[PDB]
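Structure, as structure tokens:
Because the Cβ atoms are built from the backbone with ideal geometry, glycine has one as well, and the counts that use them run over all protein chains shown. Laboratory data are not the source of any read-out in this text; all were calculated from the coordinates shown.
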Amino acid sequence: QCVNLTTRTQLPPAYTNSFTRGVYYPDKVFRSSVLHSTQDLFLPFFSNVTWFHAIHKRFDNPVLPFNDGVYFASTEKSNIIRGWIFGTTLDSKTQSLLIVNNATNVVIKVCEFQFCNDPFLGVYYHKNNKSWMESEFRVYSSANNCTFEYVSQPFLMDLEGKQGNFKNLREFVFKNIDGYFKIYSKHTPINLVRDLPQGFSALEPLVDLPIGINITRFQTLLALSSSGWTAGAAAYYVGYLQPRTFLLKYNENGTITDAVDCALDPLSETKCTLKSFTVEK
Amino acid sequence: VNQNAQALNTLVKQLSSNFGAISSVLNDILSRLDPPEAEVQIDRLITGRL
Amino acid sequence: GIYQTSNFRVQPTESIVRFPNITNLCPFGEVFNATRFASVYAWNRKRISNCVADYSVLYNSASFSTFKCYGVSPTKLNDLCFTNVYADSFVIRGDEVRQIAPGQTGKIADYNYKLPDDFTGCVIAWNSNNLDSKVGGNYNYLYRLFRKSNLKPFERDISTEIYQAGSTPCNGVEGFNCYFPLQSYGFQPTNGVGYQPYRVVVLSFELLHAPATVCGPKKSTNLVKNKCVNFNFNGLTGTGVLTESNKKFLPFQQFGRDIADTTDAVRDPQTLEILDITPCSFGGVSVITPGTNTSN
Ligand SMILES: *[C@@H]1O[C@H](CO)[C@@H](O)[C@H](O)[C@H]1NC(C)=O
């Protein structure tokens, strides 16, 4: 089961600026009140992030690459973003990873899946019972051989909410190195309308998995007879990581408070070679 | 004042280099290898620090 | 005058050991006593974690024709703790085991199974002629001959692709010098030594850089504070004075390091609390004397 939904507007890609977002904790070693120079895969400052949006109309879930990492972000209401596929063929000859934060569970699977063109989950709408209920799980039709598996504890997330401006700000960083899949994440409330917030905040690690698959493509699974539907107001942003040295500042609490992108321009480079955040004439 | 502090600082940081050994911590070389092989490693550490 | 002489140092009083709560043993039987080993070009990999290993019984057995370790000593494994362990199993000819060590080249090292140069692990092999080699010859053990180029450590390729050692491209299945790269061994019992089938297992455990899961059997003692003691936290050895701390380790953190790369805080592996580490006292010793011509 899955349907080809097509009723929606067509638009060109939109680009935006990633001011100072996408910095995380590179290791599990405590450090406090110190400046430490670290080399790793970060999202460069003042970079060009792609913008996709599902509003009222607009529903675009295209195949996007996965090269050397991904900084995903979502400004959202009503918990519409829920799922992620990852794979290299997506077509039944190689294993693929699935993450689903569905209404009841948090499911993680590494299976020999077979998806179709328009995989998605969907909840009906306010049919006089004061609740939106999951009725749509048309993602895959075949599952042959699946090694890892995990179902977390059961729960129930919200499926309602009406406001003109989003307040849910989710950041995620996804990495796949040494056959290990690493997920860093962070939640924040902000008063934003249609763009990316301006500020600074670090991403605590959330998960490691010893998966060991080869990923080159991914695709979001968004929340919605065969056509005609309503979109939750939501925008989501994509950027790509690169190998770039940083200079990180830990305060008394060992809390990363500032970073210097050490090849952005000459002034930043001199700050690195002196190991300070202030330079004198 | 500054010059003295700086010199002393770099002296302290040179304790975290390998100089070609397997590790910069002496107790990991002792608690991982047996003597006849641990000597070949401890020797590089000694040369660098001296 | 006043002359400087030997230094002094407070000496440790006693020793401490803290280890996790692991009870179940490791599935070594599932590896060394398996019915069936895969071919070299499709070697099998099993992941061992969350148990209490005992490498002594492996080392004390005489069944093993070669038991060589490359980054550790086989005696010490029993008091080291690891984050994860890997077991690679396959079967090879009796004389190619020499090529499996790190850094060398040859047929296998170039086409089938490459070990990194900074390898830390142990290689085990023993001849299993009678168990799998038969008078007819269990010829499903087949290895690759020709490849596009050398493959990097811990790589693997499974394919039916045909190779063209010749200059001209070759299509279909076969042709002139169009070779099927896989070739079967000549394993049968009356064959002499050096062509017998040997079984090989490789352990590629990791070291002392993350929360550990596999420890040896060392039982934990109590905890003592405010005294020079010798501590051993999950293979982290040292000497000093333990203390109650105020540093607020976040849940994913486990250590605290110094500018000279020395741990100065730690988290107890059983009761999850944060302890400061401070080294014992030291200093010089000066002797003040009038001349010996005046008094002693
Ligand atoms: C470890 O075992 C001891 C019993 O010896 C128990 O008191 C303690 O709570 C256990 N800790 C964990 C983390 O299981």
(request) Select, from C:89, C:63, the only residue that is more than 16 Å from the ligand (Cβ to nearest atom), more than 14 Å from every other protein chain (Cβ to nearest Cβ), surrounded by fewer than 17 Cβ atoms within 10 Å (Cβ to Cβ) and more than 13 Å from the chain's Cα centre (by Cα). (result) C:63
(request) Hey, can you tell me all the residues within the range A:53-91 that are among the basic types (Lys, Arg) and assigned to a loop (DSSP other than H, G, I, E, B)? (result) A:57, A:58, A:77
(request) Please list, ordered by first then second residue, the pairs with beta carbon atoms under 7 Å, 6 or more apart or interchain, first in the range B:6-31 and at positive phi, second of a type outside the set (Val, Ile, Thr). (result) B:19/B:44; B:19/B:45; B:19/B:48; B:20/B:44
(request) Could you check residue A:32 against (1) assigned to a strand (DSSP E or B); (2) within 13 Å of chain C (Cβ to nearest Cβ) and say which number it fails? (result) (1)
(request) Evaluate the following for residue C:77: is it part of a helix (DSSP H, G or I), under 30 Å from residue C:275 (Cβ atoms) and more than 16 Å from the ligand (Cβ to nearest atom)? (result) yes
(request) Have a look at A:199, A:212, A:254, A:228 and point out the one that is touching a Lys or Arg at 6+ places or on another chain (Cβ under 6 Å) and in a loop (DSSP other than H, G, I, E, B). (result) A:254
(request) Select from the range A:118-145 the residues that are more than 21 Å from the chain's Cα centre (by Cα) and more than 25 Å from residue A:161 (Cβ to Cβ) and write down the one among them that is surrounded by the fewest Cβ atoms within 10 Å (Cβ to Cβ). (result) A:145
(request) Scan the range A:230-254 for residues that are surrounded by fewer than 16 Cβ atoms within 10 Å (Cβ to Cβ) and closer than 30 Å to residue A:122 by Cα and report the count. (result) 1
(request) Please work out if residue A:94 is touching a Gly at 6+ places or on another chain (Cβ under 7 Å) and in a loop (DSSP other than H, G, I, E, B). (result) yes
(message) Restricting to the range B:18-50, and then to whatever is farther than 19 Å from residue C:68 by Cα and facing chain C (nearest Cβ under 9 Å), can you tell me which residue is surrounded by the fewest Cβ atoms within 10 Å (Cβ to Cβ)?
(response) B:27
(request) Return a yes/no flag: does the range C:34-49 have any residue that is within 16 Å of the ligand (Cβ to nearest atom), away from chain A (no Cβ under 14 Å) and of a type outside the set (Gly, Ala, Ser). (result) no
(message) Suppose we filter the range A:37-70 for residues that are within 14 Å of chain C (Cβ to nearest Cβ) and touching a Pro at 6+ places or on another chain (Cβ under 9 Å); how many remain?
(response) 1
(request) Search the range C:1-32 for residues being within 16 Å of the ligand (Cβ to nearest atom), assigned to a loop (DSSP other than H, G, I, E, B) and more than 14 Å from chain B (Cβ to nearest Cβ), and hand back the single one that is nearest to residue C:231 (Cα to Cα). (result) C:16
